[PDB]
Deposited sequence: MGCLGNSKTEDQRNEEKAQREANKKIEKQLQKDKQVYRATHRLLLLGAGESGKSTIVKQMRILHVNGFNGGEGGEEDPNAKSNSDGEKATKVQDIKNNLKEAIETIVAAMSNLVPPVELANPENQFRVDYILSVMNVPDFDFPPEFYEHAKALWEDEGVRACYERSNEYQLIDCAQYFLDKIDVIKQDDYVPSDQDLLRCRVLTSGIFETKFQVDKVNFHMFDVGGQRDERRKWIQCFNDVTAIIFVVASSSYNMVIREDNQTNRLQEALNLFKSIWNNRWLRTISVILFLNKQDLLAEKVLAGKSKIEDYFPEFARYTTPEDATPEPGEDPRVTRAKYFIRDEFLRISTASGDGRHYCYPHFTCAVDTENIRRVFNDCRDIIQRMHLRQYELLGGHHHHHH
C-alpha cells in the first residue's frame, strides 16, 4: 500500500526538516551541503550586526574595537561568490563573542533571523576547518528555502510512503493545489515558538496567527472536506526555552492566553515545567478550536508536540502517524 503524504505549513515552519528526518530514518553528498551551511553562518552574523543600528533603541557594541569587524562583515554582505577567507571566521566569531552583539541576538524576534543562527555561530572553529564534515545534526539545521514541490519516496515495514514537500511562503501556496487530489493525509506543520515573531512577506503579520489562518484555510478547504490533518506543533524546544526565559510573554501577543488554564487530559513530559505545559497546550487548543467548529466527522485532526531537528522525537511521533494511517484504513 502507498500513502501519499502532503506537508503543508507556513514559511520556515519546519517542513523540509521532517523530510530530512525521513531519509535519516527510513532511507559524498554531504560535500555540497557544506557551502550551504557556511552561507547560513554568514547570513546569521551579518543579519544580527545589521539589526543593531536599526533596532529601537539601537544596540551598541560592548567593545568599540569591533566596529572595524562590523564594517568588515557589512562590506562583504552582498558579495556574489564569497571565498570564505580565513579572516572571515575570525571577524565573525569575534563579533559573536561581543556581549553587545549577543544582546542584539536576544532581540532577534524584532527582525528576520534564520533559526540555525546560534547553533552554527557556536561552532565557527568547527565549520571553518577545510576537512570539515557535517554531522547529521548540522544538516538538520541547514536552512535552505524550498520553492516548488518536491516528492520523496520511502518505505516502512514494506509500507510505501510518497511524501510531498512544498514552499510555505505565500507566493508558493499557489502550487499546493496540484496535490490536493488523491492525497492520503495532510501533515500540517507549525512553528510553535514563533508566537513573538512576524512573517517575512510583510514583516507585520504575526507568524503564529499566520499559521492559524492558514490552517483554517486548509481545514475548511472545499477540496479537503474528507482529509484528516496530522497537526505537528513543532519547535517545542524553542517554545519551552522562550517560556522559561520569561522575556517575551505569550499573553502579550495572544491575550487570550491570560484566560487559559491547563487542560485535564493534559499529559506533561517527565519533569516538564507547568508553564511550558500550560503554553504548548494553549497553542494546541487554538488549533483545535479551528478544527472543532467544523468538519462534521467527515475528517479529523491529530495533534502532535514535535521537534523536527530531533530524529528521536520524530521517529517517535511518525510511528504515532503510521498507526492512524493504518488504524483508520486511510
item: Deposited residues absent from the coordinates (by C-alpha); value: 1-38, 66-85, 389-402
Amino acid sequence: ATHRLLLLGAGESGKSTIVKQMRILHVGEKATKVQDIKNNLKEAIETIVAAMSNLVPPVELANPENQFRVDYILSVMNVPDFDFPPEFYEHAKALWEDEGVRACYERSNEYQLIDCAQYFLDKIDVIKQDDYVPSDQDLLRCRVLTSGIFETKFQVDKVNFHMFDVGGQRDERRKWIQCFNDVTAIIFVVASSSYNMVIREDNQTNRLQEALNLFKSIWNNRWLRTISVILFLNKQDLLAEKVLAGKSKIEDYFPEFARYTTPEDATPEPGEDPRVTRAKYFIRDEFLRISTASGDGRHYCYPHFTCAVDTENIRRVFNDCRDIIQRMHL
From here on, numbers count along this sequence of modelled residues.
property	result
Higher-B stretch (mean Cα B-factor, as the entry records it), 190-198 or 165-173	165-173
212-220 versus 199-207 - greater average Cα B-factor per the deposited record	199-207
257, 88, 105, 120, ranked by C-alpha B-factor: the highest one	257
Identity of residue with top Cα B-factor, from 228, 236, 109, 78	78
Third assignment of residue 316 from its chain's C-alpha B-factors	highest
Cα B factor band for residue 137 (lowest, middle or highest third within the chain)	lowest
Residue 127 CA temperature factor, ranked by third within the chain	middle
Ranked against its chain, the third holding the CA B-factor of residue 43	middle
Modelled-residue ranking by C-alpha temperature factor, third containing residue 288	middle
